[PDB]
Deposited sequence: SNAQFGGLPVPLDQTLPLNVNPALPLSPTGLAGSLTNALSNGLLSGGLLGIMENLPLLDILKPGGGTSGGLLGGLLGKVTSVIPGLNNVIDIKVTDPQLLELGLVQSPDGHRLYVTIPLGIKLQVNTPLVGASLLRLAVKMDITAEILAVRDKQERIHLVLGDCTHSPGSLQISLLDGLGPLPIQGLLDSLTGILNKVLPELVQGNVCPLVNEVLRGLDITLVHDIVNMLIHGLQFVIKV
């Protein structure tokens, strides 16, 4: 069933991202370039939306989920799977272009400051290699947010350029006159 502007956006983006091979982009992240690491189980979550108290500005949060597996010769970690959660926030801007068609684009697309969450799969124990994991978690937290937002943001931008013309104009018209439509 059709919904308001808010809900219609998140539904449009989700489908757009998924169709853009978003999950496919995740499974091709080169970490070996920076043992062995294979990327699996990508999943896109419920997008979020927030609107400035003025109603003039609109931000979107894109939560992702992913599972990578590592092959270490260590004893407890012969095979290991980690589950890591990631969030991306970005501002959406109204832009007149071409013959004045007003398409939406990304503004400040950066990784959400403190929102990296890692855990162990298959019910393994941390203590057996709690000193080893410290090596990874430190590395990932300093190489993932840059790698992710460097591959996702160009996709999110291209998706916004393919939104429904009437969806855009309505949202913009709301933003301009500062009308809250998000709940």
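* Asked: Numbering the deposited sequence from 1, which residue ranges have no coordinates here?
  -> Several regions go unmodelled: 1-26, 61-89, 239-240.
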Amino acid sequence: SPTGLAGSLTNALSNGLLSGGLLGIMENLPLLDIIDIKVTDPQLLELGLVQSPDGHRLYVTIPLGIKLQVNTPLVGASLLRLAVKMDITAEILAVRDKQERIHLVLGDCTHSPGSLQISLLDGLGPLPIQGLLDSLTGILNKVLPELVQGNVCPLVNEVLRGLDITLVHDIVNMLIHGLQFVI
From here on, numbers count along this sequence of modelled residues.
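* Would you determine, from the values in the PDB entry, which of 19-27 and 161-169 has the greater average C-alpha temperature factor? => Between 161-169 and 19-27, it is 19-27.
* Look up the CA B-factors in the entry and say which stretch, 149-157 or 114-122, has the higher mean. => The recorded data point to 114-122.
* To do: Ordered by C-alpha B-factor within the chain, which third holds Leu49? Give me lowest, middle or highest, please.
  => Lowest third, going by the recorded CA B-factors of the chain.
* For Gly138, the third of its chain into which the C-alpha B factor falls -> Middle third - that is where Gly138 ends up once the chain's C-alpha B-factors are sorted.
* Check where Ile34 lands among this chain's C-alpha B-factors and tell me if it's the lowest, middle or highest third. => According to the entry, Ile34 has a C-alpha B-factor in the chain's highest third.
* **Within-chain third of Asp87 by Cα B-factor, per the entry** => CA B-factor rank for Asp87: middle third.
* What third of the chain, by the recorded C-alpha B-factor, contains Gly131? -> It belongs to the highest third of the chain when residues are ordered by C-alpha B-factor.
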